[PDB]
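Derivation of every value follows stated rules applied to the coordinates shown; laboratory data play no part. Cβ atoms come from the backbone with ideal geometry, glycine included; neighbour counts cover every protein chain shown.
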Amino acid sequence: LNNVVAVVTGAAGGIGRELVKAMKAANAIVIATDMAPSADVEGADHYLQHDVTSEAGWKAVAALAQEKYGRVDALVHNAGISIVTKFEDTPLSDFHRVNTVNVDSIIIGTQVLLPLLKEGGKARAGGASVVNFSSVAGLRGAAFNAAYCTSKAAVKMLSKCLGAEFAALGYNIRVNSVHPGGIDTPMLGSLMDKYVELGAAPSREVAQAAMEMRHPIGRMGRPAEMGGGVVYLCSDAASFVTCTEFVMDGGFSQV
Amino acid sequence: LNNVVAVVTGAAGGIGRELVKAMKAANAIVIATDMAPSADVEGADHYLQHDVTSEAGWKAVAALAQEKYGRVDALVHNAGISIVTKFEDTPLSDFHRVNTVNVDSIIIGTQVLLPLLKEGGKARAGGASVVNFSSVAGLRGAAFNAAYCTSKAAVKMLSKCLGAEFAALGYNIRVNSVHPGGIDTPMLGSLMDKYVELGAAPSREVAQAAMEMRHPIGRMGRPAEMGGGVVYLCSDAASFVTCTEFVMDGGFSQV
Amino acid sequence: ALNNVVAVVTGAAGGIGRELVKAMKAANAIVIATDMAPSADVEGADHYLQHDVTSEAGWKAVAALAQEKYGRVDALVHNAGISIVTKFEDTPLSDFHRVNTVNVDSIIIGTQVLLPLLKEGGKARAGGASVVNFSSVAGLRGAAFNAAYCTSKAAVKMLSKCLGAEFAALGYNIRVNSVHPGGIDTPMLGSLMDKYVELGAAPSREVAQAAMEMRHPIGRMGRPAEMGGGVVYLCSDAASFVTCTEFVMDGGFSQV
Amino acid sequence: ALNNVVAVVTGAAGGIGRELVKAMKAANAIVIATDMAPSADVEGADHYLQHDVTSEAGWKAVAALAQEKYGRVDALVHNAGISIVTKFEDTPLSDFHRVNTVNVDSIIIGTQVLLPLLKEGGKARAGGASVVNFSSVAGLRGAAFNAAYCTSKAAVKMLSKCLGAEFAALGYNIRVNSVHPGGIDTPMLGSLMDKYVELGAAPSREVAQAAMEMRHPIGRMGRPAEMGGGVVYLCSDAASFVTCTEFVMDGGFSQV
């Protein structure tokens, strides 16, 4: 990932934090972001208090990189929220509230960074790499998981839309969705806990008697293994990778 | 489909009326609902003017089935929109306008027809049949169908999540998904005008053939051909057909 | 709807074998049910023939009748299946080959011998002649102790769409549809778990059946009867435009 | 991280095969490259062998070189391919079988005989060893005049969701993965578009060439070289939690 201007949202969460530091490990010129003021950022040159649900937010991202590097050669649409809760008890406003961050996190972003992710596509042979974080829960939907699965199913599909159309409009901006599994983040630290609140679990360790084993590979993911193809995608390695479904899920779904 | 109190939104759609007709030879009690005040909706047995995202509107359709029968066996949504648009020029409103008529017509409407749906699986062994139309475009990427495909993707996914959640909470309601290709409808129609106005297809003759040749069946799907697959869905012959990418394309996808 | 439809169903004296015939006759299309059984008590099945489905000499004899007796086939039904449950490391090469042979080659030879009698299907119903390839969720998804089995099914799976696409824009009118049945109750499936326990993967045959049923959101397995109308539908012309399809009748099992 | 990783590589003299080699020694992993070709100057490759993959002999020709010289296999590769286009109704079952053993059996004795060293390959390495099989677009979506091919590449796809799932639930650390490439311009994929005239698929050769080009949302025909990158990933332990799943390098083809 040499001479590549990047950016990554949500990179102060479990997966987020690593993606920045293992993208300077990739030696890409990262810019980090998160909802928060400012704290400890490793590798990344610059940070922005960011919420992928804030249009004005995003501009600040464009105008920065604009001055800062004058191009954008990567984009990891990452920041997103996972929720588990009774459907005939969930409002429509909850349903949007998920999409807001997970789906319309991708769009307003990439619309704002569109003048930029142009320039970046041109100055590299492989292209401007665009990475959306869907899931396995966007591949296979889950029970009591209704609005969380429809999120990553759009984060599945929007990608195809973004690769093929951008290809259409000439641009060389590769787009590719991302499909993790039941990642060990403190988010999921209290999401099995929410399978409990819906009865399907006597205790927290009996729902944590499902997620690892729905994986053949037999264990909760770790937020380390996830950067490996993320750099890959962003780099002229995956030059010929568009529209794709990049899946790292312990063989969760195949089975 | 004996003793089938069944609901058919957008019954004045190209596909709409022909499902209405093709459920009568099966001998079902149809309920035609649409945006129009009253037309000659051929086949139906009770007609409503029905805004498909109006919450209190699905309470006038839950009203009648409650009135006349006190059960809902089948639930078929249909009123589904497609914009053709330049992704970077697309309003988010208009992105927000499609998830609403389509994806968000399920989250509301089922809840209001849910009371009479848990009745269906008690009145019928083969259960209660909920059919959100998805489509091929909500399976696979299609540029300048940028705000249309993501929709039916969740329409693809939720179907799953609902159907799964209901069966996990021992409702006898199954939920499937129909995925028609470029169906000889006034929807497959004048969107080839949009393509044209985009200046994206040269002519409709071109546009016709691009949507003709992506099916190696050559023809683009007659609305009554989808009749069979709907019927099967509703029946107790489809009592093991839940949460399915049961297809009807003529060859748009698998190749 | 099955009118005028001369059909060939294999594995007829099987479970899903018996039932397919029943429902097709219940729609009232001329079944020509076939199996390896020397003779078979099959409700309605207008015909019965000892037919080895790997054997060419087999489909020959199928075709003799279907020509002489109707001079066409309107619905070819490869239901003829075996299942092999075994560790890849221990699975002989030929075990792989015995399976594919019976479940893919079986299918291949007759869509080649009965292909003549299918081209008239191209003619006798505009709604094409209905090829009904029985894959499975093994054809859909993967499994431990089902190596050769799933691979075999996924050839069936794929062969279908090859035949959906070829037989189409060659003018031949023939739809090829792929049924992928989920857990279906037979002294086939009611004993395919034994093996996992025979291996020892599961302690008991109760537990063999446990996660079996629960791996479908619906929570149970399938009736032989609950595999009925899906063939009928494919063989019904309500779907003249429905080919290359994985017709998934598994109880959502795959999708979640 | 392709360091202290002993590979094995088939279809070596093949055009992609060659790209795959360079792009893995310039990552500093320990190559054992294999092919049937009599003579091969396989750039990057530490060792070349003359190997028949429809042969446990050929496969135990590999095994000794990894037996004697090293003591493990960390990245076995199965890269051989035949790419037949045939009329379904002009494929003998033999021509069906020829495209089995080179394409599917090759992966079996590759993985039955090398299984010990795959295990030994999975002990020093974190997320484990990987088998990174080579299917094809054909192996996922369908296409005409690829009957025996698109199956053969489907019988890859699935075999490996079998093999992925069977080893992990065996307490080995020996991952199994697959790629499905799109249109890669090679002499391997060379004048095969002539066939799409000898039958009559599209008028000429260069509009058959651009007919293949058309489909691709990416717009262009890939390169042999491009595969290697998405092969250099899967093998490394930074692609540890990638198993059973179908890593895709097609250029958008499948996705629209």
Checking the conditions here, which among C:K153, C:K195, C:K161, C:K157 is out of contact with any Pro (no Cβ under 9 Å at 6 or more places or on another chain), surrounded by fewer than 24 Cβ atoms within 10 Å (Cβ to Cβ) and either within 7 Å of another protein chain (Cβ to nearest Cβ) or of a type outside the set (A, V, I, L, M) (or both)? C:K195
Region B:1-21: number of residues that are outside any loop (DSSP other than H, G, I, E, B) and more than 15 Å from the chain's Cα centre (by Cα): 2
B:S190 vs. criteria surrounded by fewer than 17 Cβ atoms within 10 Å (Cβ to Cβ), more than 9 Å from chain C (Cβ to nearest Cβ) and either under 30 Å from B:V72 (Cβ atoms) or of a type in the set (G, A, S) (or both): yes
Got at least one residue in region C:6-20 being surrounded by fewer than 18 Cβ atoms within 10 Å (Cβ to Cβ), of a type outside the set (A, V, I, L, M, F, W, C) and touching a residue at least 24 places away in the same chain (Cβ under 8 Å)? no
For region A:84-98, check the following and say yes or no: at least one residue is within 17 Å of A:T9 (Cβ to Cβ), of a type in the set (D, E) and touching a helix residue (DSSP H, G or I) at 6+ places or on another chain (Cβ under 8 Å). no
Any idea how many residues of region B:198-237 are away from chain C (no Cβ under 14 Å) and either surrounded by fewer than 17 Cβ atoms within 10 Å (Cβ to Cβ) or in contact (Cβ under 8 Å) with a residue 60 or more places away in the chain (or both)? 9
Residue list for region A:163-206, filter: aliphatic (A, V, I, L, M) and farther than 30 Å from A:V131 by Cβ: A:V196, A:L198, A:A200, A:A201, A:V206
Looking only at residues that are touching a strand residue (DSSP E or B) at 6+ places or on another chain (Cβ under 8 Å) and in contact (Cβ under 8 Å) with a residue 40 or more places away in the chain in region D:37-57, which one is surrounded by the fewest Cβ atoms within 10 Å (Cβ to Cβ)? D:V53
Reported set for region B:30-51 where residues are farther than 23 Å from B:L1 by Cβ, of a type in the set (A, V, I, L, M, F, W, C) and either without any contact (Cβ under 8 Å) to a residue 40 or more places away in the chain or surrounded by 23 or more Cβ atoms within 10 Å (Cβ to Cβ) (or both) is B:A36, B:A39
Conditions (1) crowded, with 16+ Cβ neighbours inside 10 Å; (2) without any contact (Cβ under 8 Å) to a residue 40 or more places away in the chain: number failed by A:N27: (1)
Among the listed residues D:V5, D:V53, D:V9, which satisfies the condition of being among the aliphatic types (A, V, I, L, M), touching a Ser or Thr at 6+ places or on another chain (Cβ under 9 Å) and within 21 Å of D:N100 (Cβ to Cβ)? D:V53
Please report, ordered by residue number, the helices (runs of 4 or more DSSP H) entirely within region A:74-162 with at least 3 residues that are out of contact with any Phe, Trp or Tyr (no Cβ under 7 Å at 6 or more places or on another chain), under 21 Å from A:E245 (Cα atoms) and within 11 Å of chain B (Cβ to nearest Cβ). A:104-112
Just need a number here: residues in region C:201-256 that are more than 7 Å from chain B (Cβ to nearest Cβ), over 14 Å from the mean Cα position of the chain (by Cα) and of a type in the set (V, I, T). 1
Test: residue in region D:173-189 that is closer than 30 Å to C:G200 by Cα, hydroxyl-bearing (S, T, Y) and touching a residue at least 24 places away in the same chain (Cβ under 8 Å): yes
Taking region D:64-99 only, how many residues are of a type in the set (A, V, I, L, M, F, W, C), more than 22 Å from D:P116 (Cα to Cα) and in a helix (DSSP H, G or I)? 4
Taking region B:80-105, which residues are touching a strand residue (DSSP E or B) at 6+ places or on another chain (Cβ under 8 Å) and surrounded by 23 or more Cβ atoms within 10 Å (Cβ to Cβ)? B:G80
Suppose the filter is farther than 23 Å from D:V99 by Cβ and of a type outside the set (S, T, N, Q); does D:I16 pass it? no
Among A:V112, A:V175, A:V136, A:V101, which is the only one that is within 15 Å of the chain's Cα centre (by Cα) and closer than 28 Å to B:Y195 by Cα? A:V175
Can we say A:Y69 is touching a residue at least 60 places away in the same chain (Cβ under 8 Å) and of a type in the set (F, W, Y)? yes
Considering C:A225, C:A239, which residue is surrounded by fewer than 23 Cβ atoms within 10 Å (Cβ to Cβ) and either aromatic (F, W, Y) or in contact with a helix residue (DSSP H, G or I) (Cβ under 6 Å, 6 or more places away or on another chain) (or both)? C:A225
Within region A:179-197, considering residues that are without any contact (Cβ under 8 Å) to a residue 24 or more places away in the chain and among the small types (G, A, S), the one farthest from A:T85 (Cα to Cα): A:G189
Quick count over region D:228-249, residues being assigned to a loop (DSSP other than H, G, I, E, B), hydrophobic (A, V, I, L, M, F, W, C) and either more than 15 Å from A:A238 (Cβ to Cβ) or touching a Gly at 6+ places or on another chain (Cβ under 6 Å) (or both), is 2
Restricted to region B:60-73, and to residues that are in a helix (DSSP H, G or I) and surrounded by 15 or more Cβ atoms within 10 Å (Cβ to Cβ), which residue is farthest from the other protein chains (Cβ to nearest Cβ)? B:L64
